Structures are given as structure tokens and as C-alpha cells.
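> Provide a 3D model corresponding to the input given below.
(5 chains)
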Amino acid sequence: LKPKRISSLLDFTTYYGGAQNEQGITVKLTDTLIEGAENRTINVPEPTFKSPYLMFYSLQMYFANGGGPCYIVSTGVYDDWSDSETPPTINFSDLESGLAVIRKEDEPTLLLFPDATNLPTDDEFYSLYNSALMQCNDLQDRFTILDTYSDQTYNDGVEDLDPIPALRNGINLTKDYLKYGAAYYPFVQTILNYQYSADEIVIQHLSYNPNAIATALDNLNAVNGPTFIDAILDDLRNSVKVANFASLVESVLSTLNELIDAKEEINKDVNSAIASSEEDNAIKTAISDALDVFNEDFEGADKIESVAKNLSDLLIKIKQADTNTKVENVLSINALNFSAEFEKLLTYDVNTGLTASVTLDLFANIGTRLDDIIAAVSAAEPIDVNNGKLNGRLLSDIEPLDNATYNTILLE
Amino acid sequence: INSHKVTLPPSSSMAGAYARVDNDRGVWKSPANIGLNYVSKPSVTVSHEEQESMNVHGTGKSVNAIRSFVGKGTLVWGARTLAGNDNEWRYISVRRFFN
Amino acid sequence: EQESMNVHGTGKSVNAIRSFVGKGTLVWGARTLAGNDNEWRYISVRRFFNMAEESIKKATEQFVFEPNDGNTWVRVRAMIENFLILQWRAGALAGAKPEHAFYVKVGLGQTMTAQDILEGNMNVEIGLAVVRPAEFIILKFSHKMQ
Amino acid sequence: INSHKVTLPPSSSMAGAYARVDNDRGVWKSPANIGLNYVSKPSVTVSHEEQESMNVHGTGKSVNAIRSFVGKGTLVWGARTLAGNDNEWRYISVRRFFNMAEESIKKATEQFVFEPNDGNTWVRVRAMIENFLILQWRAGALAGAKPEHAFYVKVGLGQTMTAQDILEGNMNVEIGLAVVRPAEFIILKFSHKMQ
Amino acid sequence: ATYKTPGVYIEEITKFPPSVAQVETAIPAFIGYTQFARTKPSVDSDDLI
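Numbering: from 1, shown residues only, chains lettered A, B, ... in the order given. Please find the structure below.
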């Protein structure tokens, strides 16, 4: 709640950032045959659920029409969407709190509220603009720019109201207040695009040739090999001393990362098979149950993805600690976190030259949980009749697969 | 839960409007033909015909009405005291200027 | 349907954004929400008064505890008059000569009494003639004899 | 140790500012709208709204406020005495000019104590006081377009004295002054004029 | 109109009269029977009776 004077759009994104990614976009693909000729249909409807935040878009319109220096008064940060059809809400008590701090500033001459048309009731909308005109009367050096609540006929809960006569009812002050404001109508259509992320767009693909489960099988059969996933597992089982010891940790940390990258590509294959087998809900439950039991040791059971992060920051710390103290290089590797983090993959492997006395082992449950998934999605291939190659895939992940389809979806 | 609103008696909104008009125009200006903030509607509708026995009465005990008008919103429409047939003391602004 | 937007019995005017063939999308309306007021119906008149009053008010705080006599009243009048002469020459004030455009009055026997001096009051009076826009242009055609 | 500073009551800084303004502009100039040296801030913040009952009050006992303004620093903002509803004595500079003028005239008058109380003395007493007040009018302490608007001096038999007063040994001199007041409130009145 | 703290103040004085706004003169009203009287022409409900 501190007013700050900026000068351009590049100054705004430095201190405040950009817009919120939209969550209401859907993409549909359909393959058809018309007398022996192929036909592909791409359908992206306009979203009915939008983000209620409009501040970054309004500053783009201001600088494009000749604006100069202005003041920014934040009222809070963005809230998250609960799901794909419930956007967050705008509170009346935050916007009125922002009007109280701008009363103490001397230099601005114009008052605006860019998020105000997405307020829950129209009575809150008119009451906010009645407060701005009372501030313009008291300080007697400012002016207010108003809009209507909507550009079309809107529902009040009891009645339907036209926008122009409803604004004339809501603003109920005398002339000594009305001379400080002006109102404009209707809304304007711009050249700007919505802000979105390609990591959150899911494709639904209906094709006459169904190979969704077969393409999901070929990736998962290939990763279940001796050179692929078995080669990851058998590898795991003064100033010159610190520099040699950092080379040993970098080889272990490089082995963990390709195991985590193998975990990422498995989940994209099973998710496309879960979404394709909407028929026979008992088979979808078995495929979903096999996936979370494989994801136990990676996230839920043991801290496999958590030790790969702390070892990297512990690796940087030991290279800076060599400037002053050897006890610093002793307190970490024996007493504090560094001796404790190695125990979770192998607890007492130091009993011999080879890893023995396997009290704790986060590995070697991978291949048992993998071939369970291979049989579980094997029941799904005679029950899927309509879903094609890209069903259930993220939009960013199809760019290496089919580049021409990815560019066509971006235009729509 | 937030769709339910509070209904209040109007005496504390009137006190705020007394201080707003005295600062703008003085204490000798009647506090009527003015608007109220944070108010959606009156709770009861009062027409033209039933305000007549509110404003002028044989006892002299006048009651000021809060009303709605098309194109103007909710307003205070009445500026009398409870000695409403007195030629010296029937207006609120005369009594408060003497005070 | 812009007629009841621009001129109305309540005086609450709404400015319209419209399209015209050969011209594109334009702003067509320049009124405030006190649209039947002869002093305050135009946006540009109100915003010029906001500029001129604040600039004069900031320049006046150097005179607050000064002697309230004839030497001060001559210099206060000339400071305000020099500022308004520049506004007349730039075209903000209408007039063929400067005394048609404004006036400034301050002094004992003009704006103040002797009882006002003992209380510590100094009164300055300023009147302005600001240029208005040409909103309706009416062409009147007629025949003349040969 | 040196990061801790001293807080003082403001009366000795005000005495230095009284002597600075009297040397620069005279004793008839109000000691307000001025700055204080060696001062970082006031100890308490006083706003616009709470100085109103400090400056003007029903008892008449006014208190002068030290305030801060953006772009201007810490200033003295108030120039009243504790008789703040008096039309003769509410300003500090009026009271201190009367203290100067009365003492200077009183010391110059002791050369006349056992002199003859006749018309030759009354002419020279009147001209001594009139020559002094003409210099005060020209320096700006007395308001007036001409000298008889600014002061008057009266002394003589049939003007200030009776014949019974002469036998008792009394001589009466009457002096009236018109001292310049400060401009405490400045009110700008704006209006439209016809084209 | 009352000033207690020292400084500069701004007052506006009202001199010009307001102006009258002219009303429409010929807007008729027709009162009688219709065929259906619907707000939404596709949905079959006479809510404009």
C-alpha cells in the first residue's frame, strides 16, 4: 500500500510483473472421412470464465494512447483459481483502502479503478465512485473518470436493468460533487491477446484410427529396458580435498537427475491413457491406482526429489566455505545436513567394499511397479474406440511430436 | 454467506450528513435534498400521498421521510423538528443556528 | 439515441464513443455530470480552474505572516495579474483586450474593512472569462435579391 | 554512543529567532513562517486539524505550533500571545513594539520634570514625540498614506489639562497609534465573468 | 467560512443561473391486444402482458 511513480511499461513489469494466465481455454481435435477424403477440424471457443484482473491490460492501453508518468497503488496480489470454472473474487474493502492512501499524495490529478467492473454487486460499484467524488470535493484539485457497470442489460438478482439509467440512480449527490466527474459509454474491443501458458493446455483428440493406448505402450515398453532404467540403478549402488570431493558429489547428483527426468516422461504416458479410457471405469481405476503406487518413493514415501535439491545447495556452500574455516568444512559434512542426506538411499552400505546390509533402500522397487503398469494399461486397449494420438497431452509437449499441428493451434 | 446484508436504523447516517453539510454550506442550511452513501434502498416504500400526514399534522409532530426518485436515487426529503407547527422553531437549521 | 445521453432532465450527461464512415472510431462528447450548469458543464473549463487555482495558491504561501498593508497589496495584485496575462495570450481567456478577460481586486475599502485587518484577514477577488467549445454549428441559408 | 541525541524544550531556540528577525526586518515583524537551525524534527506530529483548537479557543489562551511541511522543513507556525481574543493585544509583534516605543519616550522625558509647565514647554514636548513617530511611519511600522492617519499627539491647557491640574503640578500627554497587523489568513475568491 | 489555522484558502462563488432542458412533445402510447407479447421471441412465455 505504498504509492510509487513510474515512467513506462518497462518500469511497471520490473516492480509489479504482468497479467495472470487464463485457466478457461479448451482445444478440440476431430478427424473425419468425407467420401474417402480426410478432414481435420480444430475448435477453440471463446472462454466464458475469465480472470477478473485488468490492470496490466489497462496500462497497455494508456501508454499506446499517449500517456506519460503515473502513480501505481497496489491493493494486494493475485489469488489462485480453485478450479477451471471458478475465478477469484474482488473485494470492496481492498479498493477503498487504496483510496485512503492516495489522499495523502499531492501530485496526481486523476483517479481510476481498473478492476471495479468485476465487483460482486452493482451497489458496491456505485458506492466506490461516490467516495471518489467526495475526495475530489475536499481536496478540490482532482478529477474522476467513470464507466458503467456493464455494456449490456444485466441482472440485479430481482430485476433486469439498463446500464445508462442504472448509473443515474446509483450516483446520488448534488452538483457541488457531480462537477468533478465524467462518464463514458460503451466498452471497447482491442487488438491485445490474452496471457496464457502452454504448460496448462490439455488437448482432447477424437480420431477414426485409435492408437492412444498403443502409443502409450510403445513409450513405456521402451523405457522398461536394461540400457534405459537398469543402467541408472547399478551406478547408484585442504583445498585439494574439497575439490576432489566435489567431483564425487557431482557424479551422484547427475545420476539422480536422469532418474527424475525418467519419472517425468512416465507420467505423461499414463495420463494420456487415463483420459482415453473413459469407457469401463473399473479399468481407469486400476490404471490410476498403479500410477500413485509408482509415485510413492519419488514424492510421498521417501524424499527422492527433495534430496536432489538440498545436495545442490550444500555443494555450493562447501566451495565458498574454504575461504576461512576448516571447521565449517567439518560441521557440515559430519555433524550437520550432509552426512544425514546420504543415508536415505543407502543407510549402512559402508559395511563392506560393496553396498551390503541393505536396511533402507529407496530404489529397486521401480521395475516391480513398472511392469504392473504395463499389464494394467494392457486391459485398456480393447475398450478405447475413439481417441487418437494427442488425447490428454499438454500443448507444450506436442511441439517436438507434430510441429505443424502445434503452430495451427496457436493461431486459433 | 456474504449475500445477506445488514439493515440499520437511519440515525447514524443522518449524523454524518449533518457534519458534511455544515462544513460545505454552513449550519443555517437545511439538511434535506441530499443523498446517503452505502445505502441501496429504503426498507419501506413511502409514496407522495402518505408523506402528507407525515410532514403536516394536527399534533405538530412531524416525521421526516427517506424516499426514492427516478433518476435521482435515495434522498432525505424533510427538514422539520417535532414542534412542526411553531412559527419560530419548526425548522432544524433555525434551531441549530440559535444553539 | 445519443440525444438523451447528451442532454437530459437530470443533467447527468454520458459521453458516447461512436463510429463514422470515412473517419473511424471517435470520442463524441465532452460534458461533466453537471451537464445543465452554465458554469461547470464542460470538462475543459473545470480542469482549467483546477490548474489555475492550485498554481496561485502555492505562490501565495510566501505572504502568510507578512504586513497586511498597502505595500503588500500592490505586489500581490501584480503577481496574479502577470500570470493571467500569459493565459490570455495563449488563448485560454477570450477578449480583445486584457480588461475584458479578467479582473483582480484587493485592498482596504475594496475587499476589506478595518475590523478585518485587526482579525488578520486579507481578501483577494478574481474573476475569469474562459473560452467555451463550439458544440453545435447552425448554418442558415437564404435568398437575396439580384 | 554518539548516535543518541538531545531533546530540548523550544524556548531558547525561539529567543535566538526573535533576535534574528528584529535585526533583519524590525520589531514590528511577526516571528512566524521562519525556520530553526540545528533541529532535525519536532518530537510530536501536529496535523492541520488539531492546530485549530491550539490557535483559536474559547478561553483565548493560544499555543503556537512547530510543524513540518513537505518541501519546506520544520517551521514556526503561529504568532499569538496568551490574550488571543483581544483586538489590541493578540499579536506578539504589536505588544513588543509598544514595549519599545513607550520606554524610549519615557527616558527622553526625564529632562522635563521640574521645568516650567507653560506654553513654551508644551510646544517642544509635542515636537520631540512627533519627530520620533515620523521615523517609525517611514520605516513601515505605522500604517497610513499620510502622517495624520498614523498617529496624533495632544498636550496643553484646554486640551488635556485644567487650571486646577497646573496648581497640583500635573502635565498630561496623550498619544494614539495605528500599528501594522500581520496577514494571518489569505482568502482567494474565484468567480466567472461574462464574455 | 470559518478559518482557525493559518494559511491560504480557496472559495468559489456561484453567479450564473442554470439552464432549462426541453422535453419531447409527441410520444404516444398504444393500448390494446397483441398476438403474443414476449421478451424472448424463441421462448414461449407471455411475460409482457
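> make it CA atoms for all contacts and neighbour counts henceforth
Will do.
> all strands of chain B, in order?
According to DSSP state E, chain B carries its strands in the segments B:34-35, B:65-69, B:73-77.
> err, chain E, not the other one
The residue ranges that make up the strands of chain E, judged by DSSP E, are E:7-12.
> Over to the stretch 1-150 of chain A?
Assignment of strands within the stretch 1-150 of chain A using DSSP state E, counting those that start in this stretch yields the ranges A:4-6, A:27-34, A:37-43, A:70-72, A:110-111, A:143-146.
> which residues touch the fifth one?
Contacts of strand A:110-111 from elsewhere in the structure, counted by C-alpha atoms under 8 Å, 6 or more residues apart in numbering or on different chains, are A:132, A:142-145.
> if we can go back for a sec, could you export the strands of the stretch 1-150 of chain A as TSV, including mean neighbour count?
Output for the strands of the stretch 1-150 of chain A, formatted as TSV (neighbours: other C-alpha atoms under 10 Å in any protein chain shown):
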stretch	mean neighbour count
strand A:4-6	13
strand A:27-34	15
strand A:37-43	10
strand A:70-72	15
strand A:110-111	16
strand A:143-146	19
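> Format those as TSV; extra columns: distance to residue A:174.
Below are the strands of the stretch 1-150 of chain A laid out as TSV (distance: least, C-alpha to C-alpha, whole Å):
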stretch	distance to residue A:174
strand A:4-6	33
strand A:27-34	52
strand A:37-43	52
strand A:70-72	29
strand A:110-111	20
strand A:143-146	16
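> What residues does chain B have near chain C?
For chain B, the residues in contact with chain C under the definition C-alpha under 8 Å from any C-alpha of the partner chain are B:71-72.
> For stretch A:76-87, buried residues please.
Residues of stretch A:76-87 classed as buried by neighbour count (16 or more other C-alpha atoms under 10 Å in any protein chain shown): residue A:87.
> Now do the end-to-end distance for it.
Stretch A:76-87 has an end-to-end distance of 16 Å (C-alpha to C-alpha, to the nearest Å).
> which residues touch the residue with the largest distance to the centre of chain E?
Relative to the average C-alpha location in chain E, and by C-alpha atoms, centre = their mean, no residue lies farther out than residue E:6, which sits at 43.9 Å. Residue E:6 sits next to C:64, D:77-78, D:184-185 when contact means C-alpha under 8 Å, 6+ apart.
> The residues you listed: which ones sit near chain E?
Contacts with chain E within the contacts of residue E:6, counted by C-alpha under 8 Å from any C-alpha: C:64, D:77-78, D:184-185.
> Just the buried residues out of these, in ChimeraX syntax.
The buried residues among the ones next to chain E among the contacts of residue E:6 can be selected in ChimeraX (16+ other C-alpha under 10 Å) with this line:
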select /C:64 /D:77,78,184,185
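> Turn the ones next to chain E among the contacts of residue E:6 into TSV, columns for distance to chain A.
Rendered in TSV, the data for those read as follows (distance: C-alpha to the nearest C-alpha, whole Å):
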residue	distance to chain A
C:64	20
D:77	21
D:78	24
D:184	21
D:185	18
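> Leaving out the residues flanking it, which one is nearest to the residue of chain B at minimum distance from chain E?
In chain B, no residue comes nearer to chain E than residue B:26, which is 7.6 Å away by C-alpha to the nearest C-alpha. In space, and not counting its chain neighbours, residue B:26 is closest to residue E:1: 7.6 Å by C-alpha to C-alpha, 6 or more residues apart in numbering or on different chains.
> Can you give me the neighbour number for that neighbour?
Counted with other C-alpha atoms under 10 Å in any protein chain shown, residues neighbouring residue E:1 total 9.
> Please tell me how far it sits from residue A:178.
According to C-alpha to C-alpha, residue E:1 and residue A:178 sit 22 Å apart.
> Please, which helix or strand holds residue A:375?
Take DSSP states H and E as the rule and residue A:375 turns out to sit in helix A:366-376.
> quick one: which of the ones next to chain E among the contacts of residue E:6 is nearest residue A:101?
Closest to residue A:101 out of the ones next to chain E among the contacts of residue E:6 is residue D:77 (25.9 Å), distances taken as C-alpha to C-alpha.
> For the closest one, list each beta-bridge partner.
Each beta-bridge partner of residue D:77 is listed here, defined by DSSP bridges: residue D:65.
> show me what contacts it?
With contacts defined as C-alpha under 8 Å, 6+ apart, the neighbours of residue D:77 are D:32-34, D:64-67, E:6.
> how many other residues sit next to the closest residue to residue A:239 other than its chain neighbours?
Counting by C-alpha to C-alpha, 6+ apart, residue A:322 is the residue found nearest to residue A:239 once chain neighbours are left out, at 7.0 Å. For residue A:322, the neighbour count with other C-alpha under 10 Å is 15.
> Surely residue A:322 is in contact with residue A:329?
Yes: between residue A:322 and residue A:329 there is a contact under C-alpha atoms under 8 Å: 7.2 Å.
> contacting residues around residue 39?
Picked chain A for this. For residue A:39, the contact set (C-alpha under 8 Å, 6+ apart) comprises A:31-33.
> The intended chain is chain E.
With contacts taken as C-alpha under 8 Å, 6+ apart, residue E:39 has the following neighbours: E:46-48.
> By neighbour count, which of those wins?
Busiest of these [other C-alpha under 10 Å] is residue E:46, holding 13 neighbours.
> Great, nothing more from me.
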